[PDB]
Amino acid sequence: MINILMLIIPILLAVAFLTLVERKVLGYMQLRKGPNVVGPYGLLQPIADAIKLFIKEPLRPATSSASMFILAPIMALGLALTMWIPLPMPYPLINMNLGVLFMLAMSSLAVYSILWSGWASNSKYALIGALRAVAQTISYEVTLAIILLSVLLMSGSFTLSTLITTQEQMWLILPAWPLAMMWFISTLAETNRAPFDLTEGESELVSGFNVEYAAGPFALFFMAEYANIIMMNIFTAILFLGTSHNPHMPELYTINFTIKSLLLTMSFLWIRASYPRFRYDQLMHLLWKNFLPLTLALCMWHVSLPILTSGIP
Amino acid sequence: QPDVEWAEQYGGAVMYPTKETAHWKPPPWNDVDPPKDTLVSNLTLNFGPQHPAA
């Protein structure tokens, strides 16, 4: 097998080259110059951080825990980078018997990275950032499965290969008009660089899964946390975008698929700079109280539609 | 005739008394006193000193 090794090393570079965009686009959004000194346009700085944070930075926590803690950055990468495997792409690595089920299960398993980092420090200061990270993720897992079901019943089955073929004339944004707007919010269930987000950034509280971790484990967390942002951006570009298929020419698909994802890649960092944090209590009131009755009403609506007019795979 | 002295033997304890253990108390008439006591559950924080971003 060569394909897996050709989907980790160039992918870790994409999370590395993200650091440019994380302060270049975000910089111009705030009217400030980002990467400039290090490279021609600061292009040598993202690869410099790998030399900076791993080879020279040494920390291990004080009071600590036993085997757990250092188990958590292994759980961070080894569950978020595996998410690249079930992706349909032009051609998938081992096409699943049911596609999106593996995508939804491993995403919830990726939440454990911020959960086990609560017991990284035995001291109570770190676990407050963990307990906040529970509720900021636990509620949004409800709608994430429901809004999927309304799209999946509209087009094909759980298999991700069928989701490419179903969009031949028009996108799925237009039939699922309120549901597409939900997937700019529901995608930010995992601790991502955003305005909605979770307990990961500083601002008000101490940094979750970062105050306990070093540099080396803490550096490994960013290579997983920012990796999930690309993952949700690609996953939205499958469920809601498509444009064309073309099995004969893979070259025409690969260029067209990347532009659609890159426009969404900018959009989350667009969200991050623009708006403040939603608060621990009031994020639980955005969904559950307000958005859950809306999504279920649309779920009720999407059950009737294949019966009203023929729509069965 | 039966008096209060005979009635005290049939009072809430152990019916037949004795036994290795007699630590049990008669039950309160309308459930137990609040065990309001024990555990304050007050969490202390050192949020300030330096760099809380706030």
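Residues numbered from 1 in each chain as written, not as in the entry; some residues may be left out. Chains lettered and ligands numbered in written order. Part of a larger assembly, values for the part shown. Heavy atoms only, no water. Residues with missing side-chain atoms left out of burial classes, pairs and counts.

The deposited coordinates for this entry were obtained by cryo-EM, with a reported resolution of 4.35 Å.

As annotated in the PDB entry, chain B is NADH dehydrogenase [ubiquinone] iron-sulfur protein 2, mitochondrial from Bos taurus. The deposited entry bears the title "Structure of mammalian respiratory Complex I, class2".

Labelled according to the PDB entry, chain A appears under the name NADH-ubiquinone oxidoreductase chain 1, originating from Bos taurus. The UniProt entry for chain A carries the following comment under Catalytic activity: "a ubiquinone + NADH + 5 H(+)(in) = a ubiquinol + NAD(+) + 4 H(+)(out)". Looking at chain A in UniProt, the text filed under Sequence similarities is "Belongs to the complex I subunit 1 family." (UniProt positions renumbered as here; feature names shortened; annotations may be inferred.)

Undergrad: What am I meant to see in the overall build of chain A here?
TA: Across its full length, chain A holds 15 helices and 0 strands. Along the three orthogonal principal directions, the C-alpha set of chain A runs to about 65 × 45 × 45 Å. Partitioning the intrachain contacts of chain A with sequence separation of at least 6 by distance along the chain shows that 81% fall at a separation of at least 24. (Helix = DSSP H or I, 4+ residues; strand = E, 2+ residues; numbered from the N terminus. Contact = heavy atoms within 4.5 Å.)

Undergrad: Just checking my understanding: could you explain the overall build of chain B for this structure?
TA: The number of helices and strands found in chain B is 1 helix and 0 strands. Over its C-alpha trace chain B gives a radius of gyration of 26 Å, far above what one expects of a compact globule, namely 10 Å for 54 residues. (Rg over C-alpha atoms; globule rule 2.2 N^0.38 Å.)

Undergrad: Is there a simple way to think about the packing of aromatic side chains in this case?
TA: Any pair of aromatic rings gets described here by the distance separating the centres and the angle formed by the planes. Residue and element names in this part refer to chain A. An angle of 55 degrees between the planes, with centres 5.7 Å apart, marks the rings of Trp-183 and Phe-235 as tilted. Of this pair, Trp-183 sits in the loop between α10 (177-182) and α11 (216-225) while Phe-235 sits in helix α12 (residues 227-239), placing them 52 residues apart in sequence. An aromatic cluster is defined as three or more aromatic residues linked by ring pairs; in this entry it consists of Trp-183, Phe-235 and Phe-240. (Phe/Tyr/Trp six-rings, centres within 6.5 Å; stacked < 30°, edge-to-face > 60°.)

Undergrad: How do you make sense of helix α8 (residues 140-154) of chain A when you look at a structure like this?
TA: Working note: α-helix, 3.6 residues per turn, so residues spaced by three or four point in the same direction. Its 15 residues place the ends of α8(A) 22 Å apart at the C-alpha level, agreeing with the 21 Å of an ideal helix rising 1.5 Å per residue. Following α8(A) by one or two positions, A:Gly156 adopts a phi angle in the positive range, close to 65 degrees. (Expected span 1.5 Å × (residues − 1).)

Undergrad: Looking at this structure, I do not really get the side chain of A:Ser150. What am I missing?
TA: Residue and element names in this part refer to chain A. Inspection of the secondary structure assignment puts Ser-150 in helix α8. Of note is the side chain of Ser-150, whose polar atom sits 2.7 Å from the backbone oxygen of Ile-147. The contact partners of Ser-150, leaving out residues within four places of it in the chain, are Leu-179, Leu-298, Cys-299 and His-302. (Polar contact = N/O pair within 3.5 Å; in protein donor to acceptor, adjacent residues only side chain to side chain.)

Undergrad: Where do I start with the interface of chain A and chain B in this structure?
TA: For interface size, the figure often reported is the accessible area lost on association. Contacts between the two partners involve 6 residues from chain A and, on the opposite side, 7 residues from chain B. Of the residues belonging to the side of chain A that touches chain B, the class tally is 2 nonpolar, 1 polar and 3 charged. (Nonpolar A, V, L, I, M, F, W, Y, C, P; charged D, E, K, R; others polar.)

Undergrad: Any chance you could explain the packing of helix α7 (residues 124-138) of chain A against α8(A) here in plain terms?
TA: Each pair of packed helices gets described by two things: the angle between the helix axes and the distance between those axes. Residues and elements named next belong to chain A. Orientation of α7 relative to α8, taken along the N-to-C sense of each, is 25 degrees, at an axis distance of 5 Å. Our classification of the angle between α7 and α8 gives roughly parallel. Contacts from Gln-136, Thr-137 and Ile-138 in α7 reach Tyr-140, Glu-141 and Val-142 in α8. Partitioning the contact of α7 with α8 into residue classes produces 3 nonpolar, 2 polar and 1 charged. (Axes fitted to C-alpha atoms, helices over the stretch in contact; angles between N-to-C directions. Parallel < 35°, antiparallel > 145°, perpendicular 65-115°, else oblique.)

Undergrad: Can you help me understand the packing of α11(A) against α12(A) in this one?
TA: Residue and element names in this part refer to chain A. Running from amino to carboxyl end, α11 crosses α12 at an angle of 5 degrees, the nearest separation of the two axes being 4 Å. Viewed along their axes, α11 and α12 adopt a mutual orientation that is roughly parallel. Judged by residue contacts, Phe-222, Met-223, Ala-224 and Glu-225 of α11 engage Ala-227, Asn-228 and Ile-229 from α12. When grouped by side-chain class, the residues that make up the contact of α11 with α12 number 5 nonpolar, 1 polar and 1 charged.

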